[PDB]
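Structure, please.
(6 chains, ligands or ions: 8)
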Amino acid sequence: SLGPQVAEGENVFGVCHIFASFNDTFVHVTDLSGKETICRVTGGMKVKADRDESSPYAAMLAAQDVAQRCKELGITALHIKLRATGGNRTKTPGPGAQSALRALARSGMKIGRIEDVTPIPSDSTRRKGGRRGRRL
Amino acid sequence: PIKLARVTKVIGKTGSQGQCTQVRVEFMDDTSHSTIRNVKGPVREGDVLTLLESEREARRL
Amino acid sequence: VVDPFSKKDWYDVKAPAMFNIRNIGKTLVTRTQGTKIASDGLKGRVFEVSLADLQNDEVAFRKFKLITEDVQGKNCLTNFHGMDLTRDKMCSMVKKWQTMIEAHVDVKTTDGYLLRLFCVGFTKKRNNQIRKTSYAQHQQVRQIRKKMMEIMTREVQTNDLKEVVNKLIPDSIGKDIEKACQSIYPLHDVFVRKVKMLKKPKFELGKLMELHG
Amino acid sequence: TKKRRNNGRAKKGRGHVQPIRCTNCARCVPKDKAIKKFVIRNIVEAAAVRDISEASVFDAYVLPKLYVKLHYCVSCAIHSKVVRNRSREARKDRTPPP
RNA sequence: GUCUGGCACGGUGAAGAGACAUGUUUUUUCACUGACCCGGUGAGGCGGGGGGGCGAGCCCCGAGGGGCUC
RNA sequence: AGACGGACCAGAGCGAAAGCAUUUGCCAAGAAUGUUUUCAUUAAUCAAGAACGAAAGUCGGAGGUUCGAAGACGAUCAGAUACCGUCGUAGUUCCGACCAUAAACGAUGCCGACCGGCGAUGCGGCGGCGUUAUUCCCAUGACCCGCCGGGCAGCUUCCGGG
Ligand SMILES: [Mg+2]
Ligand SMILES: [Mg+2]
Ligand SMILES: [Mg+2]
Ligand SMILES: [Mg+2]
Ligand SMILES: [Mg+2]
Ligand SMILES: [Mg+2]
Ligand SMILES: [Mg+2]
Ligand SMILES: [Mg+2]
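Residues are numbered from 1 along each chain as shown, chains lettered A, B, ... in the order given. Ligands and ions are numbered 1, 2, ... in the order given. Below is the structure:
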């Protein structure tokens, strides 16, 4: 009896918590509180090599797996919360965010309230690299 | 999840040598839904494809 | 191996009576095994949720926090914990070739609730204006910060948190701060941002229920 | 040979200025050099828009944007093909394009 | 000499879980004090209570009372 | 727990220069403007001499998140005791004394006069139609339109030079 409030229209909310960046991509479904977790998934658990972890393909596969494990419990709707590395890094999303999100919708998960969440430090510590940066 | 699609218009060549080409397509089962894809070989407006990865949403190469 | 979810229980969360829609989404807890009781491990979660979905006649760019405090019969009755604004809006307001003003304060309401308030305002461009800039001088700004702190203290040292939230929802604090300062500079855009709650008294159950009844 | 009159940096009457750090390069440059740029992009990028708005829960859901300030080096910029070199007389235009 | 396990000095109560086999003791945790130990003092005003009242704020309130916090 | 003070931040302001950015309070200085106040040539530039002087660095205490010369490893390479990645000492932080250098650049000594225009910006003073202001009409900015001073800069030219 997983959410036994049976009305066939009482949508059950969760949140997704996408953390996208370079070299990785995470999809971490939780409840309204973020304290209880449901099938955290990545991009590295699907592909073989290490230089194709952060591809939209591995992102798409992850959401399809998550959506499967999520519809097996009565969770129907979601709220989306997006994140970049932040701190003193790029603080722009990576190339796995677009692909993952779209694959949830077209799989069917009745989403609302997509928003961003990212640190944005006011004037925090000194960044790595050393005054001339990486001189490739 | 094998699919079909007809072609609407050709955009431009691409690739390191001008062998692939950009196109726009509708899926022959719903008319509103649409994507753009890379193909190889002589392709004209008025054609039909056998798509396997139903969604890629490719860009400039 | 056994799936670790079969031994769990879906409960419900419940909001106070100041809000029209009192019924929100659900949560889940684990059952009771010796120590580590459900209600104890359930006490203290914080359900960030918007304000449109509580009222459906109100703005969307606000958030309330709504900690839980007590439980009775698979329904978690909450209390106020905090307020917060939304970032898309905040970054939208911050524009260029104008001036930004900020202020804050600490005050203790009638009860023992101590809380720290924050405010913000932006200067305006008159509709016939050409000079592109619309900056201010430092002096008259000091007046405005001073004027903010007066208004908040006046409003908050009089009431205990049922009145105060009913001001916050249609934020009249800032609509009045707008009205005051328009004889110095206009300040078209004004808000109360953040209402973190620094200290709280003990748990008086009778107070909670009659608020939540 | 002064290639420029500004000397490349809009100081004109200070003495000293604070630095910043390139968002890619990671190097330490002043705030009057160090090309600026401002992003007001959406989040879904013109492709999945129809899919979301049909699979929503709300009614048409205005769908927020994303805001960023960007700093670039001079070196990292030209390699990114933001700006380009110019000829002698056209260096003296302080206008951006449409 | 020193580390460590066990029996005795070793008492009161409450929760959780066991091996046998269909209760036994066991145990981990919380609390108590009366054995035991420690410090201070010329063993000098401890706890409840209302005879307290100089006052305050919370209730009923004959505005005069007593109830609560001090 | 210790550092840092984002976006607002501008060919905008201040300071002898080095250099200066969260709130508030205190302490003592200063430019410009305004002036039918005052003293009456008291001044400009300056060998010797004297104050201040980024970063690194040295000395004695307190502290030690982040970054990271040295230093050790893993890769690329014909070789790399470098460019890359992971760790990581001195130092980076505050209090008190030393040193006195830089593309310390406007690569342009200070004082004073004269010599062409135009539209702006920042401070102060003088005025004028009008709009708002605020709470019933005034003195506050805000613009609207001009002027005057002394400032940071800018566009244009057969002034004239080179
Ligand atoms: Mg300098
Ligand atoms: Mg000399
Ligand atoms: Mg130094
Ligand atoms: Mg030093
Ligand atoms: Mg030392
Ligand atoms: Mg390191
Ligand atoms: Mg020298
Ligand atoms: Mg020189």
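
Tell me which residues touch residue 20, please.
I went with chain A, as the question did not name one. By Cβ atoms under 8 Å, 6 or more residues apart in numbering or on different chains, residue A:20 lies in contact with A:26, A:59, A:82-84, A:93-97, A:100. For every residue, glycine as well, the C-beta is placed using N, CA and C.

switch to chain C, that's the one I care about
For residue C:20, the contact set (Cβ under 8 Å, 6+ apart) comprises C:54-56.

following the longest helix along chain A, which helix or strand shows up next?
With DSSP state H applied, the helix covering the greatest number of residues in chain A is identified as helix A:56-71. Scanning forward in sequence from helix A:56-71, with DSSP states H and E defining helices and strands, the next element found is strand A:78-83.

which residues make contact with that next one from outside it?
The contact list for strand A:78-83, computed with Cβ under 8 Å, 6+ apart, reads A:13-20, A:29, A:93, A:97, A:101, A:104, A:109-118, D:43.

Mind checking which of these are in strands?
A:18-20, A:29, A:111-116 (DSSP state E).

which of those are buried?
The neighbour-count criterion (16 or more other Cβ atoms under 10 Å in any protein chain shown) marks A:18-20, A:29, A:111-114, A:116 among the ones in strands among the contacts of strand A:78-83 as buried.

near RNA strand F, which residues of chain C show up?
Near RNA strand F, the residues belonging to chain C are C:90-91, C:94-100, C:102, C:124, C:126, C:128-135, C:137, C:142, C:145, C:179, C:182-186 when assessed by Cβ under 7 Å from any atom of the strand.

out of those residues, who's near chain D?
When these are checked against chain D using Cβ under 8 Å from any Cβ of the partner chain, the ones in range are residue C:91.

Looking at the contacts of residue A:20, spot the one nearest residue C:172.
Here the nearest of the contacts of residue A:20 to residue C:172, counting by Cβ to Cβ, is residue A:82; it sits at 33.5 Å.

and the spatially most central residue of chain B, what does it touch?
In chain B, the C-alpha nearest the mean C-alpha coordinate belongs to residue B:37, at 3.7 Å (Cα atoms, centre = their mean). Under the criterion of Cβ under 8 Å, 6+ apart, the neighbours of residue B:37 are B:22-23, B:25, B:49, B:51, B:56, B:58.

how does it look with 10 Å?
Applying Cβ atoms under 10 Å, 6 or more residues apart in numbering or on different chains to residue B:37 gives the contacts B:5, B:7, B:20-25, B:49, B:51, B:53, B:55-58.

repeat for residue B:59
Applying Cβ under 10 Å, 6+ apart, we find residue B:59 in contact with B:14, B:22, B:36, B:38, D:47.

where's the closest residue in space to residue C:133 that isn't next to it in sequence, which helix or strand?
Leaving aside its sequence neighbours, residue C:133 sits nearest to residue C:97 (Cβ to Cβ, 6 or more residues apart in numbering or on different chains; 5.5 Å). When elements are assigned from DSSP H and E, residue C:97 belongs to no helix and no strand.

what's around residue C:97, how many residues?
Applying the criterion other Cβ atoms under 10 Å in any protein chain shown, we find 11 residues in the vicinity of residue C:97.

and what of the one 10 residues further on?
For residue C:107, the tally of surrounding residues (other Cβ under 10 Å) stands at 16.

so where's the longest helix in chain C?
Among the elements of type helix in chain C, defined by DSSP H, the one spanning the most residues is helix C:138-156.

so how far is it off the chain centroid?
20 Å (Cα atoms, centre = their mean, to the nearest Å).

Just the buried positions in that helix, please.
C:144, C:148-149, C:151-152, C:155-156.

who's in contact with that helix?
Applying Cβ under 10 Å, 6+ apart, the set of residues contacting helix C:138-156 from outside is C:99, C:101-110, C:113, C:115, C:117-121, C:123, C:136, C:163-164, C:167, C:172-174, C:176-177, C:179-181, C:184-185, C:187, C:190, C:192.

Going through the residues you listed, which ones are buried?
Those of those that meet the buried threshold are C:99, C:101, C:103, C:105, C:107, C:109, C:113, C:115, C:117-121, C:123, C:164, C:167, C:173-174, C:177, C:181, C:185, C:187, C:190, C:192, by 16+ other Cβ under 10 Å.

Can you show me the helices along chain D?
Listed in chain order, the helices found in chain D under DSSP H are D:49-54, D:74-80.

give me every residue that touches the one residue sitting closest to the centre of chain D.
Closest to where the C-alpha atoms of chain D average out (Cα atoms, centre = their mean) is residue D:37, at 2.0 Å. Contacts for residue D:37 were tallied using Cβ under 10 Å, 6+ apart; they are D:23, D:68-72, D:77, D:82.

ok, now which ones touch the nearest residue in space to residue A:108 that is not next to it in sequence?
Taking Cβ to Cβ, 6+ apart, and ignoring the residues beside it in sequence, residue A:108 has residue D:55 as its nearest neighbour in space, at 7.1 Å. Neighbour list for residue D:55: A:102, A:104-112, D:48 [criterion: Cβ under 10 Å, 6+ apart].

Could you do residue C:195 as well?
By Cβ under 10 Å, 6+ apart, the neighbours of residue C:195 are C:64-65, C:80-85, C:115-118, C:164-165, C:168.

Am I right that it is in a helix?
No: assigned with DSSP: H, G, I helix; E, B strand; the rest coil, residue C:195 falls outside any helix and is coil.

For beta bridges, what are the partners of the residue nearest to the centre of chain D?
Assessed by DSSP bridges, residue D:37 has beta-bridge partners residue D:70.

cool, and residue C:62?
For residue C:62, the residues forming beta bridges with it (DSSP bridges) are residue C:85.

Return the residues of chain B in contact with chain A.
B:33, B:53-57 (Cβ under 10 Å from any Cβ of the partner chain).

So which of the residues you listed belong to helices?
With helices defined by DSSP H, no entry of those lies inside them.

And the furthest pair within the residues you listed?
In those, the most distant members under the criterion Cβ to Cβ are B:33 and B:53, with 14.9 Å between them.

Of those two, which one has the most company?
residue B:33 (15 against 10).

Can you tell me how far the closest residue to the more buried one other than its chain neighbours is from residue C:199?
Counting by Cβ to Cβ, 6+ apart, residue B:27 is the residue found nearest to residue B:33 once chain neighbours are left out, at 5.5 Å. Separation of residue B:27 from residue C:199 (Cβ to Cβ, to the nearest Å): 60 Å.

neighbour count winner among those two?
For the pair residue B:27 and residue C:199, the greater number of neighbours falls to residue B:27 (17 against 11), based on other Cβ under 10 Å.

give the contact list for the closest residue to chain A within chain D.
In chain D, no residue comes nearer to chain A than residue D:26, which is 3.3 Å away by Cβ to the nearest Cβ. Contact criterion Cβ under 10 Å, 6+ apart gives A:88-89, A:127-134, D:73, D:76 as the residues in contact with residue D:26.

and the gap between it and residue A:129?
When residue D:26 is compared with residue A:129 (using Cβ to Cβ), they lie 3 Å apart.

likewise residue C:169?
47 Å.

got the residues of chain D near RNA strand F?
D:2, D:5-7, D:10-18, D:31-32, D:36, D:69, D:92, D:94.

rewinding a little: most widely separated two among the buried residues of helix C:138-156?
C:144 and C:156 (18.8 Å).

Quote the end-to-end distance of stretch D:56-75.
The separation between the terminal residues of stretch D:56-75, taken as Cα to Cα, to the nearest Å, is 44 Å.

one step back: of the residues of chain C next to RNA strand F, which belong to strands?
Filtering those for strands - DSSP E - leaves C:100, C:102.

Any quick PyMOL command for the buried ones out of the residues of chain C next to RNA strand F?
Buried members of the residues of chain C next to RNA strand F can be picked out in PyMOL with the line below, counting by 16+ other Cβ under 10 Å:
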select buried, chain C and resi 91+98+99+124+134+185+186
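
Geometrically speaking, which residue is the centre of chain A?
Central residue of chain A (Cα atoms, centre = their mean): residue A:18, 1.6 Å from the mean position.
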